[PDB]
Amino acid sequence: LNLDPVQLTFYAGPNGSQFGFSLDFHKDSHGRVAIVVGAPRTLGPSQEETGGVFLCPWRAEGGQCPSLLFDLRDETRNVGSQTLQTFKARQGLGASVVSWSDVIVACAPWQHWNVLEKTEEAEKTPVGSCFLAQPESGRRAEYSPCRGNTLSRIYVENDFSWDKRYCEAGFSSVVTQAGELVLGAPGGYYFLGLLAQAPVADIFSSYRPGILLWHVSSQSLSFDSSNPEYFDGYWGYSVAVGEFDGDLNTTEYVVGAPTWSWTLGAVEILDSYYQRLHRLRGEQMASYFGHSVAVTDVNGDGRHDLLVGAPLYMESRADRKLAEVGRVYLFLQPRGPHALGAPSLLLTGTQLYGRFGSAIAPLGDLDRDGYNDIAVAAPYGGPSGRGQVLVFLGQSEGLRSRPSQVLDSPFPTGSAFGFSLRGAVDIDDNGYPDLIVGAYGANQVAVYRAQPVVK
């Protein structure tokens, strides 16, 4: 409704770096807000794409941003009669970023890893890895839970159980208020998908450079399965946290598995021990229900509601025809111990191949009326197909079925404007929460400032 579309702020990165693929707000010890942007195809030392992260200070004019430096050199450790190898070429550092406290977490989902032993090996596979940083103190650490030193032969003899060689840990990431990092690894357990969780404090204290394989006793990974309904579900394609069980001492997880049950798609809500509380199945095959998930209370009843994106949902149209437009589902949390029912609201896309619902961002209370609002991306929507972000306002009954505002892409075609969103933070400190929209296609980031309501 009251976002300012006339005077935007633009941040830009290197060409072809996909600057804007992922972003997030970041408050330092002094509460000064900055934007952290991921650029998964930024050039490394050997003029090879390794990815990179930028930490953009707030400035009404925007501009270029300083790099958040990380180690990009491949590592080798000959220990215990084995050779440990990390490969950072085309790892995609910055494929996702998340900020918690004064710490930044940037992930490289396709960082490869291998272990050699004489003529045998584990196999060079994308286990993924996360780089943690504390910009102010200069501290650095890493977390790579899916790494292992088991040789190929062993997996075959064990029928490929607990095979975490293709996790791609960091694909999606979230941090609980308590400070526990939660990484989604859609490739875990031979493409079933798994979650890895560990306290940030413990990730830092247990890490030392050069070790490559260290223990984090407090960590906790989800479980493998023999059920074909989970096969190639990419459980952990998207992740989020919230309160869905009444007990406030416990934190619940929300996991998207967009191809679960033979591409029917699904999203599940779990406890901290990965025990499933609820499961929401997709409405249509290949719609990619679960591509994105958002947790926020939109009807001001104090209870976190759930939003699920299905960017490829095909809508039924006259003469028995289907038009791929995308869809979002709203699930309002019921009073007390009860299961989430049917969707309370179905928001459906308009533009063909617009991919409405590819991203969903809680905005907080944008217009300051008492109900939280959200933003929904259609990276290839709009009459021009350049991208479009629609704002939906909260109300006592959930959400409004029609958008309060539509942000058309200021970039050229193919910018993927909206592929990443982030809101619910006052960046200019004007008392209204603001929105940052990524356009990795154009290697830029647009900042929309919320202003007092005109109407």
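Residue numbers here begin at 1 and follow the sequence given.
Note on 398-406 vs 41-49: mean CA B-factor is higher in 41-49. Stretches 257-265 and 122-130 differ in mean CA B factor, with 122-130 having the higher one.
In this structure the maximum Cα B-factor among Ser144, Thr76, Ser173, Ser344 is found at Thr76. Comparing C-alpha B-factors across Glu229, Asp369, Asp301, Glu315 in the deposited entry, the largest value falls on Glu229.
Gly423 sits in the lowest third of its chain by CA B factor, as recorded in the PDB entry. The PDB entry assigns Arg139 a C-alpha temperature factor belonging to the highest third of its chain's modelled residues. Annotation for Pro66: CA B-factor lies in the middle third of the chain's modelled residues.
When the modelled residues of the chain are ordered by their C-alpha B factor, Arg355 lands in the lowest third. Ranked within its chain, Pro199 lands in the middle third, by CA B factor from the PDB record.
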